[PDB]
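Engineer: for now just these chains, pulled out of the complex without moving them:
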Amino acid sequence: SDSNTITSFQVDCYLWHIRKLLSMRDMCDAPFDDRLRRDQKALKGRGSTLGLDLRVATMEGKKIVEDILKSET
């Protein structure tokens, strides 16, 4: 799909990864875990339809987020 659909998916994948780290550390509440579980299923489906490797998309999302965070300083 278009460039921005891919970028949006990469960023969403990386932010999911951050949320997962919070949850694994047992630092979130139940609603936060429910959203994590539901978004995981949604991301897997979006990735399938886009043909995208979730692991690589997560790594690309990390670069993009670091990039835009650097630009606001």
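Structural biologist: Here it is on my side, so go on. Numbering: from 1, shown residues only, chains lettered A, B, ... in the order given.
Engineer: need the contact list for residue A:61.
Structural biologist: With contact taken as CB atoms under 8 Å, 6 or more residues apart in numbering, residue A:61 is in contact with A:10-15, A:17. From N, CA and C alone the C-beta is placed, and that goes for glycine too.
Engineer: please, which helix or strand holds the residue nearest in space to the middle of chain A?
Structural biologist: Centroid-nearest residue in chain A: residue A:13, 1.8 Å away (criterion: CA atoms, centre = their mean). Secondary structure assigned from DSSP states H and E places residue A:13 in helix A:3-24.
Engineer: here's chain B, drop it on:
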Amino acid sequence: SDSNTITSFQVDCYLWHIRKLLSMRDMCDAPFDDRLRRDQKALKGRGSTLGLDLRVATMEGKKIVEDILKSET
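Structural biologist: Chain B now in position relative to the chains above:
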């Protein structure tokens, strides 16, 4: 409320901030902007019932995320 519930809210605020940076750079697609608008209302309503200042919660979320990212690998 409970500690995990506050922490979840702070993290959600900071991740919304990141997503908003993406949108302000013309880097996201239309569904991503729709989720950003929906989640902004969600953070305002959740924050109001927890009593929390959204700007302070965003700053605290930044600290929490940077901290769990420090000890990743």
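Engineer: what about the helix holding residue A:13, near chain B?
Structural biologist: Yes. Counting by CB under 8 Å from any CB of the partner chain, contacts between helix A:3-24 and chain B involve A:4-5, A:7-8, A:11-12, A:15, A:18-19, A:21-22.
Engineer: quick check, nearest of those residues to residue A:70?
Structural biologist: Nearest to residue A:70, judged by CB to CB, of these is residue A:11 at 14.7 Å.
Engineer: give me the element the closest residue to the closest one other than its chain neighbours is part of.
Structural biologist: Leaving aside its sequence neighbours, residue A:11 sits nearest to residue A:61 (CB to CB, 6 or more residues apart in numbering or on different chains; 4.6 Å). For residue A:61, the host element (DSSP H and E) is helix A:54-70.
Engineer: fine, thanks again, bye for now.
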